[PDB]
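Notes follow once the structure below has been shown.
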Amino acid sequence: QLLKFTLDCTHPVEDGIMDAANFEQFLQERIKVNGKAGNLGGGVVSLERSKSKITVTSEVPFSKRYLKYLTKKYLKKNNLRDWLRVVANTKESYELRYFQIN
Amino acid sequence: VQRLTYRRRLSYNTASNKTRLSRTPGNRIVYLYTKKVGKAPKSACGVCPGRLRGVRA
Amino acid sequence: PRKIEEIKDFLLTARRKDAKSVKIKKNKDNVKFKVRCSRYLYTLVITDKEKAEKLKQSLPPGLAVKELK
Amino acid sequence: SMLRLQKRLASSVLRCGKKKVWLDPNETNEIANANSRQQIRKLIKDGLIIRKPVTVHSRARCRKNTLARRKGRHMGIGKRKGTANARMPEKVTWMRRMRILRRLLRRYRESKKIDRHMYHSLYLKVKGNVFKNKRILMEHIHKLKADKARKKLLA
Amino acid sequence: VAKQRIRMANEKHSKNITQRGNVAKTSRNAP
Amino acid sequence: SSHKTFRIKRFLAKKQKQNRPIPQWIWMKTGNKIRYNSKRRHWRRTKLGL
RNA sequence: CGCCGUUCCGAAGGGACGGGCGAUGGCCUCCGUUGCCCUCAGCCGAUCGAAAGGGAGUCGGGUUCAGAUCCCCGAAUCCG
RNA sequence: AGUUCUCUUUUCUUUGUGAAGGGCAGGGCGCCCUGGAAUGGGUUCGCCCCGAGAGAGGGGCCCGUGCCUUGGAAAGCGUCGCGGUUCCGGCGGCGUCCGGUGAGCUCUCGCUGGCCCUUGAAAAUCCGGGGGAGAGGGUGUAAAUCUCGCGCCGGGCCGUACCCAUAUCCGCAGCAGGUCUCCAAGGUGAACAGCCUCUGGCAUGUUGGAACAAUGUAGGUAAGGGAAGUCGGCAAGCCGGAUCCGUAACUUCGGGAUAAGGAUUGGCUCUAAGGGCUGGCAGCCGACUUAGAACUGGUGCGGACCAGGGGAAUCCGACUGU
Ligand SMILES: [Mg+2]
Ligand SMILES: [Mg+2]
Ligand SMILES: [Mg+2]
Ligand SMILES: [Mg+2]
Ligand SMILES: [Mg+2]
Ligand SMILES: [Mg+2]
Ligand SMILES: [Mg+2]
Ligand SMILES: [Mg+2]
Ligand SMILES: [Mg+2]
Ligand SMILES: [Mg+2]
Ligand SMILES: [Mg+2]
Ligand SMILES: [Mg+2]
Ligand SMILES: [Mg+2]
Ligand SMILES: [Mg+2]
Ligand SMILES: [Mg+2]
Ligand SMILES: [Mg+2]
Ligand SMILES: [Mg+2]
Ligand SMILES: [Mg+2]
Ligand SMILES: [Mg+2]
Ligand SMILES: [Mg+2]
Ligand SMILES: [Zn+2]
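Here the protein sequences line up with chains U, g, k, R, 4 and l, keeping their order. The deposited numbering applies: residue 17 is where the first sequence begins, and numbers increase by one. The deposited numbering applies: residue 2 is where the second sequence begins, and numbers increase by one. The deposited numbering applies: residue 2 is where the third sequence begins, and numbers increase by one. The deposited numbering applies: residue 2 is where the fourth sequence begins, and numbers increase by one. The deposited numbering applies: residue 2 is where the fifth sequence begins, and numbers increase by one. The deposited numbering applies: residue 2 is where the sixth sequence begins, and numbers increase by one.
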């Protein structure tokens with residue numbers, strides 16, 4: 017069947033702290049299917065972006081937490097993990113939030 | 002892992018202190034105290050070694 | 002606790018003098034009608050929503066009714 | 002102040018050890034005047050008392066090693082300390098073989114590949130250690146069936 | 002409650018080394 | 002121990018009440034000589050024997 | 001002062017289904033109670049002796065500064 | 001939630017359902033009925049079973065602490081978000097999911113055996129049966145009667161805190177002593193051994209600082225020699241695991257025996273054998289083992305820990321035990 021997951025970075029991108037397109041590119045070149053990070057398993061995992069939300073669809077098994085594993089990884093690359101937090105918004109969405117600081 | 006304690010003051014492993022584990026709705030293992038195992042009646046013939054049927058043990 | 006299978010015997014159990022109140026619990030798959038008698042909490046498990054409303058309106062008068070959420 | 006009490010009650014409310022209770026070092030005055038579990042529950046909700054995570058004890062090292070052992074690594078003559086029987090008792094090895102070989106004969110008899118007369122003869126040979134494993138037994142049954150079939154033809 | 006708050010408060014408390022003798026009793030000034 | 006008899010628990014209680022300091026007004030009585038309760042007991046220093 | 005002894009040199013049962021007599025009662029109809037008599041009765045050893053032996057029947061959730069299978073909420077059960 | 005310089009679809013945490021009732025798995029039967037078995041068959045790890053009735057069919061019963069169900073999601077927990085007096089059993093959102101595997105360990109249920117010149121409590125208490133003295137009513141508003149299902153009332157007295165032990169107990173004490181028990185994680189490993197670690201706990205054991213003389217106490221190492229020391233090899237030291245081989249005198253034939261004496265042991269990459277489920281074949285699942293081979297390092301490899309020195313004799317006492 018079809019498994020659909022989304023990432024909500026609206027709050028940071030609206031603050032101009034991360035770019036969706038740069039994030040979008042990162043996912044394309046990393047998402048591993050059968051341990052291959054190049055071809056998205058042969059287009060089986062399609063990655064579609066919106067204005068501030070990135071959606072990932074896979075016709076094969078694909079863990080939601082895997083998106084959390086890469087998302088946090090990408091945040092550390094950009095030295096954002098000390099500000100942003102990845103939380104699940106629903107059964108199929110993660111969103112990025114701010115720690116309650118001042 | 003979680004380790005158990007007796008729920009009574011009898012701290013010895015006697016024949017009247019046997020227990021069994023039980024997971025509760027609160028998601029913890031406790032001790033429940035079993036009742037002794039009953040025995041069906043033996044035949045009055047004093048010969049047949051088996052116990053009687055149709056009777057609660 | 003006792004489980005009741007038929008509506009007929011639930012209605013009767015609600016008419017016992019020792020029935021104190023009826024608890025109506027709605028789940029995603031069924032509606033449970035639980036009545037507290039002297040000894041047991043009898044339950045009627047209803048899988049049809051329509052039958053539930055018909056029953057709720059026909060309980061004996063004077064039995065305390067509580068809806069549970 | 003002296004937060005021995007708050008450490009004790011927070012541990013009881015959090016259902017963890019006193020070693021996992023964390024008190025905000027910047028708020029000891031607020032915590033100091035929490036002398037009840039109702040107030041401790043409020044400080045827990047507020048975030049002046051938190052439960053520290055379990056210390057990491059990862060099995061990754063032994064999971065990696067156990068995978069190596071399944072391929073034969075770290076299992077040579079120099080890595081054994083108990084006798085061969087202690088590592089794998091003979092009785093258990095015998096028990097597995099007997100159950101396997103009797104299961105085969107039972108199924109072969111039921112499927113009428115052998116008759117009850119050949120089964121009984123083979124059952125007592127199996128008990129005699131004649132056949133080392135399943136395959137050796139199955140080949141012998143094949144050889145027996147052919148010689149019997151030849152005799153049937155000659156009759 | 003977010004668990005990273007444990008780190009944040011610990012590091013903040015470790016900053017008291019420079020302000021010995023005038024440590025603010027409560028940082029949550031409101032109330 | 003926890004397992005106690007009524008007689009023992011009662012004898013213990015009387016020992017509990019005797020173990021207190023004197024009233025301070027006792028000092029101001031006319032012919033008074035007592036300065037402190039000289040019959041105080043500690044559960045560790047000296048034992049009851051029962 | 002006492003000791004021995006524990007069924008041994010003992011008239012060691014105060015009980016009962018039922019039956020017969022009276023006396024009392026009350027939902028005075030008839031049933032109860034009570035006293036006497038008839039009948040039936042081995043136990044054969046008073047009593048003590050175990051917070052590990054035998055021995056019916058309670059579990060879940062919450063709750064305290066300190067008590068909880070004991071308090072509260074709920075759901076059960078044994079005995080009489 | 002942690003790490004993310006690089007790598008890691010990664011590592012860690014967590015992922016409920018009580019008693020009682022019902023239903024159903026599963027286990028057990030020295031229970032029944034048909035029937036009549038040698039070309040004897042059935043069967044276990046071992047056994048053991050049968051004309052006094054086996055195999056094969058079809059049934060009955062006991063325990064079901066296992067799963068489902070009423071309990072019961074309302075509760076609990078995980079997590080994110082809002083509230084309040086804010087010391088509220090506060091309120092919401094989502095979740096509380098699916099499989100596998102084992103001579104694994106702990107408890108328990110059961111079947112079958114072995115040991116005894118050892119045979120491994122009693123009573124309270126409760127139950128069934130045999131018997132048939134009696135009782136009940138004359139066709140009914142039926143009666144005596146009921147161990148059935150509901151309903152009604154009550155359960156008095158005493159104990160209960162905490163310590164339970166390198167500081168709550170006994171040793172004059174917060175004494176390295178003594179003092180009965182239950183539960184029991186990961187790795188290595190034969191292992192409840194030793195070594196490291198998680199949960200939980202602790203603050204080095206009635207003080208600290210600075211030095212690093214002698215003499216000590218406890219640990220080590222020593223060229224060449226190797227008991228020359230000493231009453232005496234005291235003390236220390238050698239050996240030590242496991243696999244393969246080999247093994248004397250004597251013997252009460254059981255032993256002696258790990259006799260004695262050798263070889264091997266790492267890491268890495270492979271090969272072969274050892275199974276279940278489904279429908280001499282095909283597919284899918286698997287759990288640890290054993291054996292062999294190549295390559296490889298400064299010959300190091302039971303790398304720490306754990307871990308027998310051996311032989312030839314004499315005296316005494318058979319041995320185990322005290
Ligand atoms: Mg007892
Ligand atoms: Mg259960
Ligand atoms: Mg053997
Ligand atoms: Mg003392
Ligand atoms: Mg007793
Ligand atoms: Mg048969
Ligand atoms: Mg819930
Ligand atoms: Mg009869
Ligand atoms: Mg207590
Ligand atoms: Mg020291
Ligand atoms: Mg010190
Ligand atoms: Mg000390
Ligand atoms: Mg000292
Ligand atoms: Mg030397
Ligand atoms: Mg030398
Ligand atoms: Mg000499
Ligand atoms: Mg000399
Ligand atoms: Mg020596
Ligand atoms: Mg010898
Ligand atoms: Mg001797
Ligand atoms: Zn019989």
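Even for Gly, the Cβ is constructed at its ideal location relative to N, Cα and C.
Could you pull out every residue in the same chain whose Cβ sits closer than 6 Å to the Cβ of residue i, ignoring the five residues on either side in sequence?
{"i": "residue 163 (chain R)", "result": "Absent from the structure is residue 163 (chain R), since the part of chain R shown begins at 2 and ends at 156."}
{"i": "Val131 (chain R)", "result": "none"}
{"i": "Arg8 (chain g)", "result": "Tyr32"}
{"i": "residue 71 (chain k)", "result": "No statement about residue 71 (chain k) is possible, as the shown extent of chain k runs from 2 to 70 and does not include it."}
Taking 7 Å as the CB-CB cut-off, is residue i touching chain R?
{"i": "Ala31 (chain 4)", "result": "no"}
Using a cut-off of 9 Å between C-beta atoms, extract the partners of residue i located in chain R.
{"i": "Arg6 (chain 4)", "result": "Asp25, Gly48 and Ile51"}
{"i": "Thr27 (chain 4)", "result": "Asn27, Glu28, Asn30 and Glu31"}
With a CB to CB cut of under 8 Å and the five nearest residues on each side skipped, what residues in its chain are close to residue i?
{"i": "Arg81 (chain R)", "result": "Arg88"}
{"i": "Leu13 (chain k)", "result": "none"}
Examine chain 4 for any beta-carbon lying closer than 7 Å to the beta-carbon of residue i, and answer yes or no.
{"i": "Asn86 (chain R)", "result": "no"}
{"i": "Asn36 (chain R)", "result": "no"}
{"i": "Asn66 (chain R)", "result": "no"}
{"i": "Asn134 (chain R)", "result": "no"}
Quick check on residue i: does DSSP put it in helix, strand or coil?
{"i": "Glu28 (chain R)", "result": "coil"}
{"i": "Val2 (chain 4)", "result": "coil"}
{"i": "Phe21 (chain U)", "result": "strand"}
{"i": "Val31 (chain g)", "result": "strand"}
{"i": "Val46 (chain k)", "result": "strand"}
{"i": "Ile9 (chain l)", "result": "helix"}
{"i": "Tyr7 (chain g)", "result": "coil"}
{"i": "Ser68 (chain U)", "result": "coil"}
{"i": "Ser13 (chain R)", "result": "helix"}
{"i": "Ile50 (chain R)", "result": "strand"}
{"i": "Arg60 (chain R)", "result": "coil"}
{"i": "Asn118 (chain U)", "result": "coil"}
{"i": "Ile23 (chain l)", "result": "coil"}
{"i": "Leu69 (chain k)", "result": "strand"}
{"i": "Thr106 (chain U)", "result": "strand"}
{"i": "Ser28 (chain 4)", "result": "coil"}
{"i": "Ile5 (chain k)", "result": "strand"}
{"i": "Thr20 (chain g)", "result": "strand"}
{"i": "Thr19 (chain 4)", "result": "helix"}
{"i": "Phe11 (chain k)", "result": "helix"}
{"i": "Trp44 (chain l)", "result": "coil"}
{"i": "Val32 (chain k)", "result": "strand"}
Going along chain 4 in order, which residues have a C-beta closer than 9 Å to the C-beta of residue i?
{"i": "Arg81 (chain U)", "result": "Neighbours of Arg81 (chain U) on chain 4: none; closest Cβ ~17 Å, over 9 Å."}
{"i": "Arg101 (chain U)", "result": "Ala3 and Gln5"}
Note down, in chain order, every chain 4 residue with its Cβ under 8 Å from the Cβ of residue i.
{"i": "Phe115 (chain U)", "result": "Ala3, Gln5, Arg6 and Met9"}
{"i": "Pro54 (chain R)", "result": "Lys4"}
Using C-beta distances below 7 Å, list every residue in its chain close to residue i, excluding the 5 sequence neighbours before and after it, in chain order.
{"i": "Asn50 (chain U)", "result": "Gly57"}
{"i": "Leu83 (chain U)", "result": "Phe21, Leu23, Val72 and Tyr110"}
{"i": "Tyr34 (chain g)", "result": "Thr20"}
> Counting Cβ pairs, one atom from each stretch, are 3 or more of them under 8 Å apart for the region 66-76 of chain U and the region 24-43 of chain U?
Replying inline: yes
query: Does the region 68-77 of chain R come within contact of the region 36-54 of chain R, defined as at least 3 CB pairs closer than 8 Å?
result: no
With contact counted as at least three CB pairs below 8 Å, one residue from each stretch, are the region 75-82 of chain U and the region 31-46 of chain U in contact?
no
- prompt: Within the chosen definition, does the region 47-66 of chain k reach the region 29-38 of chain R through at least 3 CB pairs nearer than 8 Å?
  reply: no
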